[PDB]
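Undergrad: This structure is in C-alpha cells; I'll ask about it shortly.
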Amino acid sequence: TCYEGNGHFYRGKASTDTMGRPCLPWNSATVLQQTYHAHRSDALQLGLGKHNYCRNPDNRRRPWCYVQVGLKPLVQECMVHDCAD
C-alpha cells in the first residue's frame, strides 16, 4: 500500500506520467475543454488546482493526468506512490 486512496492535495506536482508522457495544465485550453479541469469547482475540491500536473480529477488509485501528444490529450496515471506491485 503506497497511495492510500487517490490523494487530493497529496503532492501531485509531476508533469510526467507512467509511460514517461508529460502531464499538463488542468485549466489548459485543452483539458479545460475536456471533462476534468479547474472549471468545475469540485474538481479542484477533489484534487485539482489549475496546476499542470497529475492529480485526482476522478479518484484514480493514484494521481493521473492527460498528456497532450500531437494534439491528443491522453490519460496515463503518474509514476508516483501508486504501489505497482
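Undergrad: Rounded to the nearest 0.05, what FRET efficiency is calculated for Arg61 and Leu32 with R0 set to 25 Å and r the Cβ-Cβ distance?
TA: Computed FRET efficiency for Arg61 and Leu32: 0.50.
Undergrad: Starting from the Cα-Cα distance between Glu4 and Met19, subtract it from 0.36 nm times their residue separation and give me the gain in nm to one decimal.
TA: Between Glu4 and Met19, full extension yields an extra 3.2 nm.
Undergrad: Once you have a ≥ b ≥ c as the square roots of the Cα gyration tensor eigenvalues for segment 1-67, tell me rounded if a/c is under 1.5, and otherwise prolate or oblate according to whether a/b is larger than b/c. Present the calculation step by step, with values, prior to reporting the outcome.
TA: Working: a/c = 2.01, a/b = 1.20, b/c = 1.67.
Oblate shape, in that a/c is at least 1.5 and b/c is the bigger or equal ratio.
Undergrad: Still on this structure, please answer the following. Using only DSSP helix segments of four residues or longer, with each worth -39500 (n - 2.57), what per-residue ellipticity at 222 nm results for the chain after dividing by its residue count and rounding to 500? Don't jump to the answer; show the numbers that get you there.
TA: Working: 1 runs with 6 residues, N = 85.
So the helix-based figure for the chain works out to -1500 deg cm²/dmol.
Undergrad: Just order 24-30, 2-8 by mean Cβ neighbour count inside 10 Å, highest at the front, would you?
TA: Numbers: 24-30: 17.3, 2-8: 15.1.
Result, highest mean first: 24-30, 2-8.
Undergrad: Tell me, what ³J(HN,Hα) does each residue in segment 20-33 have, in order and in whole Hz, if you take phi through Karplus 6.51 cos²θ - 1.76 cosθ + 1.60 with θ = phi - 60° and put x for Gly and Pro?
TA: Running phi through 6.51 cos²θ - 1.76 cosθ + 1.60 with θ = phi - 60° gives x, 9, x, 7, 10, x, 7, 7, 5, 4, 9, 6, 3, 7 Hz.
Undergrad: For the ranges 60-66, 14-20, what's the packing order if you count other beta-carbon atoms within 10 Å of each residue, average per peptide, and put the highest first?
TA: 60-66, 14-20
Positions of Cβ are backbone-derived with ideal geometry, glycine not excepted, and every protein chain shown enters the neighbour counts. FYI, it's all coordinate maths here, none of it is from the lab.
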